[PDB]
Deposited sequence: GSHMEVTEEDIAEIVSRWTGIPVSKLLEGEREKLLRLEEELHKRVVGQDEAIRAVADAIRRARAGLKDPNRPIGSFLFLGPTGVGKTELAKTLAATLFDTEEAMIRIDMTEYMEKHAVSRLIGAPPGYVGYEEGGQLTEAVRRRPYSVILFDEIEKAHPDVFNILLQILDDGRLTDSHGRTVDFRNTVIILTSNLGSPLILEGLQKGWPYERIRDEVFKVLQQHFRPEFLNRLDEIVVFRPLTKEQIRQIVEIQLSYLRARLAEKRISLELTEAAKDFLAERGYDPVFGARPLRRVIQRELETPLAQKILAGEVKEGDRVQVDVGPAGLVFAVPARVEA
């Protein structure tokens, strides 16, 4: 039957049950890694770890009273942790609105548990969010900064697959994916390399800090611990291309094409990435170095509807030409 699609029936069931369409159609998942890789460049280990856990859950091999998966993402800033969490949410649960982000720097000071689960009688940021979206990816950023009382609430999620809030009502976490992140150790490695420390010192100091913050009792609860890697030159270039996608689409409305030389791509990659911030700088590098001067060319009439635009490097920055 052709006229009524799989999506038609899935949408009916989804609206009646609250189960996301992609969840209902999970089986009609074996290429989850390739789907995640459409947005997340590299970090193959993280993608495989997440995909492996989801498969074990779908195959009926895990404890049904725990979340679908739980992970600790270690490694540096700006290399794909949040991008993977956002992409996973969009892929598993149809929208990035299915990602719930808890910034643990806002939960450091003792009375923060009431912020998480609701003030005691006489609601909570986490509990209310998960009640209204049981099918969600939950991202806890910078977990080592959480107050112990807040950290104990995370342990409850991992152990019981549920939380009781301050109203006394149980909040179901069994359909969530829990992603915990920390950059712990990464600034220390940068400090050692700047100071000229030998690798042995750097290594030993990273392990003692990890030992201090992350104990086996905690870590044993997790599906996997994954250390994100710094990005290679080729990976940063692929990220530049992904980050030009929306610009190209907007330009294509006026039939304008952009053709970047390899040097122009390398210009953006060089400025858009560093060890401290990862690829966090790239968006505003593209805005400043490409979009702004392109805007001036369009407004001046030098770049017109229908033009193919060559983008190359000059010593003042990127330069433009229409052949």
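Of the deposited sequence, positions 1 to 2, 31 to 33, 128 to 133, 335 to 339 lack any modelled C-alpha atom.
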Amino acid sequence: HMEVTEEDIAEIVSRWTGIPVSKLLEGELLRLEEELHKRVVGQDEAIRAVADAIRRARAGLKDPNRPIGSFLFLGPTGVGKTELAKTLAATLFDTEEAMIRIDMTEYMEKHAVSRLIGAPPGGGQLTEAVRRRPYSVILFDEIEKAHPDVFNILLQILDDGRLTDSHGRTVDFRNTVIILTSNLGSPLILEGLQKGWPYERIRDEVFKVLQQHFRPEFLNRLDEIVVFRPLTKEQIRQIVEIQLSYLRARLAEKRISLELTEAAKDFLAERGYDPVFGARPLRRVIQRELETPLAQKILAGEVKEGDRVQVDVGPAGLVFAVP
From here on, numbers count along this sequence of modelled residues.
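Here the stretch with the larger average CA B-factor, out of 79 to 87 and 143 to 151, is 143 to 151. On average the C-alpha atoms of 59 to 67 have higher B-factors than those of the other stretch, with 59 to 67 and 274 to 282 being the two compared. The entry lists C-alpha B-factors for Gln125, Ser182, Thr232, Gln243, and the highest of these is at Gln125. For the set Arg248, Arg221, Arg101, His111, the PDB entry assigns the largest Cα B-factor to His111. When the modelled residues of the chain are ordered by their C-alpha B factor, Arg288 lands in the lowest third. In the deposited entry, the Cα temperature factor of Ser14 places it in the lowest third of its chain's modelled residues. Split the chain's modelled residues into thirds by C-alpha temperature factor. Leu188 is in the middle one. Among the modelled residues of the chain, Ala263 sits in the highest third by CA temperature factor in this PDB entry. Ranked against the other modelled residues of its chain, the C-alpha B-factor of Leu72 as given in the entry falls in the lowest third.
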